[PDB]
Each structure stands twice: as structure tokens, then as C-alpha cells.
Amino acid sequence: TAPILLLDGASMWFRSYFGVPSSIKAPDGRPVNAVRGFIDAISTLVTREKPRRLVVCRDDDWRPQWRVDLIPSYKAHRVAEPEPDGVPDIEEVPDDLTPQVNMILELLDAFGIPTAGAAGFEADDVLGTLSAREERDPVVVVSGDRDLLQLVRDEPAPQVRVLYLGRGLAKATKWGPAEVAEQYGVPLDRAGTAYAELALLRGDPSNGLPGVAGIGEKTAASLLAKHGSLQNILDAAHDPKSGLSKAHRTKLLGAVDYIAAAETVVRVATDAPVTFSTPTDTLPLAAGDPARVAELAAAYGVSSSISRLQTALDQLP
């Protein structure tokens, strides 16, 4: 059967912002390069993957307070203005990109393309929750964010793949457990979860996470190779006769608190309370509100992109 596409919205429209020139502008002069690129990526995906189901996943909270409480440096270098509890922090985002996010969300809503979010969670968590719950169709998670490699799955069916956007969409290929195992040296039988344990240990500068000092990617992969899992590695450290080196024991034991905190920060949630903007995740084959879509697309200078999307939809069997 055809896959369900789960789109990491912010990953994709940030990529469109930096991959489409800012001289692409609306009639009022505001850049719409991210709008154009994001709509064009949806049309490309519809044509390449021919889904019947498609969801754009939102960041209802891009920097959840529960993660910051565990690790205060989490995404700290990306905050423009921190906001008190209950209110998402203001992310440092180019001034001419935020209005384009509003334009995109307005078009998706008027078209009826499903969007999903969960209060207090990231799009990463929405993607992890929807891919964990999927029982009917193969899942394609579309993102430039290597965090989501932890979601790859062969069994139980259906499979989960990440269409990874690190080199852009034209060059993107589907990552499964084999690809993550081959490119990162984690065990194949639990490749996705072990990738998250690898990232926890080595650190993640784009998320503001330091990792465990002294355990680089090479060491963490080999430790996972020999012991199979992070839990087994901590067991080897806590047990004073295991074959774990004393230097490794010192680095791991000196980080027990960070490791316990980081575990829930690094893993994406799989049971977030996701809500949809639409009744189902079915991809509409025509605009839910065509007059509003035409008025918005003209106002946002992307009428030809919307027309291209409708042609791709028209070609779906």
C-alpha cells in the first residue's frame, strides 16, 4: 500500500527559507521564498510517493519546559526571549521568516491539508507518536532533523523510514534501521533506539546538549556494540567486575544524573496527546475552501505553486 507521509513542518520550511532566494516576494513586497519552497516540496512528495494520507506536524512548543527543566541548556542558544511557564519561548528566527510560517499555516488550513500538534510538545514528538501508533501503512517521516532517525523501524510492521533532508529533497533517500546501523555503527536489531542512546552519549550541539564528557561518537558506538544498549552500559559501570574500563566507568558514573535527565530529553515522546486540524489524515484531492485558497495564494504570491500542487493531486490514482 502507499505510505503515509508525516512532514516535519519547521524542518522543511526552514530549509525552504535557506534554499529559495529571498527575492521571491508577495505583491506587498514581503519575501515568500519559504512559502513557495514548502508548497513545492509537498507537490514533489505527492508525485514521488503518491500517498493517500499526509500530515504536516507542528511545533506547538518548540522548546518544551519539561525538557528545559531536566537540562537547562536544551536549545538555550536558540532562544530570542524566554517566556514564563505555559508560554513557548520566542525562538530566534529571521524576521522575514515568521510571517511566512503564518502564511503557510493559513494555506494548509484553507486547503484542508491535515496538520497535527500536541500542546507542550515538539513536532519531533508528534512525529514519534504518529509513527509509533501507525498500523496500516508504511510511514515516511520527512525531515532534515537527524533526531528523527531514532524512529526507524522494520518490525513490528508497518515499517518506518526517514526521508532525510540533510542534502535537500532532490537528493533525499529513505533511511531505515540498516542505514542508521551502517552510517553510525549502532546495533541493527535496535538501530533507532540505539541511535538515540548514541546521540545522548556523544552530545548534540544543535540542541544545546553537551553529551557525556570524554565519550565521543566512536567510543559510544563501540560501547553500544559490545554491551548492546545504554542500560547495559550503565549496568556494566555499576557492577565493579564487568569488563568495562576504569576510565569509561569514571566518565559514565560521573554523568549518572545527566544521563538519566538526558534520556527523557533526547527520546521523542511516543504517546503525546496529538490532535488533528482535520477529521482524518487523508490527503484531500482538492481544496476544502477553493475561493479562500485562491485569495490567499494571490495575496502571498504563490498562485502558481498552488496550481502545481493541484496538478500533482489530480494525478493520484
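All residue numbers are counted from 1 along the displayed sequence.
*Asks:* Mean CA B-factor: is it higher for 230 to 238 or for 80 to 88?
*Replies:* Per the PDB entry, the higher value belongs to 230 to 238.
*Asks:* So which stretch wins on mean C-alpha B-factor, 157 to 165 or 193 to 201?
*Replies:* On average, C-alpha B-factors are higher across 193 to 201.
*Asks:* Between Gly29, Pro290, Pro64, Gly37, let me know which has the highest C-alpha B-factor in the entry?
*Replies:* Top of the list by C-alpha B-factor: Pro290.
*Asks:* In the PDB entry, which of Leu70, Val266, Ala41, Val256 has its C-alpha at the highest B-factor?
*Replies:* Across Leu70, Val266, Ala41, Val256, the entry lists the biggest C-alpha B-factor for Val256.
*Asks:* Among the modelled residues of this chain, does the Cα B factor of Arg249 put it in the lowest, middle or highest third?
*Replies:* For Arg249, whose C-alpha B-factor we compare with every modelled residue in the chain, the answer is the highest third.
*Asks:* Where does the C-alpha B-factor of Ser22 rank in its chain, lowest, middle or highest third?
*Replies:* Middle third - that is where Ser22 ends up once the chain's C-alpha B-factors are sorted.
*Asks:* Among the modelled residues of its chain, does the C-alpha B-factor of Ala297 lie in the lowest, middle or highest third?
*Replies:* Answer is middle: the recorded C-alpha B-factor places it there.
*Asks:* Would you check the entry's CA temperature factor for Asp137 and let me know if it's in the chain's lowest, middle or highest third?
*Replies:* Middle third.
*Asks:* How does the C-alpha B factor of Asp271 compare with the rest of the chain: lowest, middle or highest third?
*Replies:* CA B-factor rank for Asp271: highest third.
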